[PDB]
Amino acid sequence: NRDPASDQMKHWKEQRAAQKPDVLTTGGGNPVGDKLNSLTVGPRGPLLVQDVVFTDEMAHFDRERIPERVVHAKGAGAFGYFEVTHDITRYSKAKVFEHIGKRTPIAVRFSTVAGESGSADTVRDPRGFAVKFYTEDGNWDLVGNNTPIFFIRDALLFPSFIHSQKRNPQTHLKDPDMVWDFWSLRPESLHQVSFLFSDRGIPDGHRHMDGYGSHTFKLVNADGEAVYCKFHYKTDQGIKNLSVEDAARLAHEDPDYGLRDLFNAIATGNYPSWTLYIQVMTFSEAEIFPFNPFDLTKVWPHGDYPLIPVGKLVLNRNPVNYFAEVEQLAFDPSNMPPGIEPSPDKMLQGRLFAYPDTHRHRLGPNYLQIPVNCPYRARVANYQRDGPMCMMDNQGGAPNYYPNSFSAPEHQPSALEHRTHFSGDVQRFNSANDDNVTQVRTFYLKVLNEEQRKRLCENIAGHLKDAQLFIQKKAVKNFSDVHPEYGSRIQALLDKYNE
């Protein structure tokens, strides 16, 4: 036989062999006499408006598409559960962590970053690894990537960074001058550029890469004590990457390699899992951390901040309809239940605004009423009403203003955010020169071996060669500031390429 993905229709038919086919209806539920021949005046005559079967079906077809995600457009999804394996209730009172063996349903979407909906899975790019936990205190969206860090440390640069990675506004072509002009002018990118052009730039599908929250978050316990944390979810399938050569072959041979691989793994009962850990940094430690502990271009060294196990993420269920359950999935970093809070990370702060904002546009004002986005293990009760495509009962006749004397929903003071002190001017403070090289040097020298340093420099030179010489020169200077051999290896490869 073929793979289970190929046999989707075959299996759908088999599952139904015991049933008569449904009656074909209009959207309004009126049975259709003939959906293959249009209503005309004679066999060689024009089409009538009173063919409302045609108009009903064609008008829906005309409206099938919604905007793709502004980033991470190309993706795959599955469903399963999170199970607590260890007690971290001393750090977080979040209900999702409440007792060992406690299970919370999850939804997950894996993605590339720059490519549009029709692009190939097996390309050099970060990977999105977004986890929605359907908790009794509402949804917790851990909107992670397959890297602990990012290219920039201020949200104001994010639209510019994404523009530089996508298409030239005139030609609609990928543009290496855009890519390398931005990175060469913004050397904070050196850390994530080094990770991206390493072997992990192209994981072997979604099951063989790690996930990370990337940002510093804040955990609050039942006593109102707070620590800073990082989330790490390590693949139980083990790290595995595709060679540049294999990735380029799969790019045209199977552009949907990651989709197919994840579906087949789950369909054959080979359920992928990840182990969720935290690192914990005290408020005192944050004060003496040698960098900004909220800088998204920095990791917390495992030596000083060991991984503490929490639980297991398991994907054991495929989507039944990809559009309804995956394309319409919305992850909001601002969805955090009590016990989990943001840090001052300037990037995370921007994300608190951007996700719900783009969801209201891409899906619609009432996107949280789409079933996969619904906090279906919490009771939603508030003073919000109306908006387009308003489903369920819109909270019925319940008093719609707060406060009221009519016993409508009440706030719960135990859910109040933890209180941190700040002092300072309202100002745009510069983060451009917050050490761009130190952790990058340790990655290059200590984390990588000789063989992977060589590939790293070939991968960089193989892309950078197409940028103008002034951009090549400025980029090489930044790599030299990490380590003189980093820069000179790339320069040697550029000299060979520039003939």
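Residue indices: 1-based, along the sequence shown. We call the rigid core the largest set of C-alpha positions that still match within 1.5 Å between the two forms.
Farther on average from this form in 6 other deposited structures of this protein lies stretch 418-426, the comparison being between 418-426 and 204-212 by RMS Cα distance after core superposition. The deposited model assigns a higher average Cα B-factor to 94-102 than to the other stretch when 138-146 and 94-102 are compared. Annotation for 176-184 versus 267-275: the higher mean temperature factor (C-alpha) is found in 267-275.
For the set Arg441, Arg65, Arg69, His60, the maximum C-alpha B-factor listed in the entry falls on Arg441.
Looking at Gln237, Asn292, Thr297, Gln369, the one whose CA carries the top B-factor in the deposited record is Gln237.
Ranked against the other modelled residues of its chain, the C-alpha B-factor of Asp332 as given in the entry falls in the lowest third. The entry lists a Cα temperature factor for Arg249 that places it in the highest third of the chain's modelled residues. Among all modelled residues in this chain, the alpha-carbon of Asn241 has a temperature factor (C-alpha) in the highest third. Among all modelled residues in this chain, the alpha-carbon of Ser198 has a temperature factor (C-alpha) in the highest third. Compared with the other modelled residues of the chain, the Cα B-factor recorded for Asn37 ranks in the middle third.
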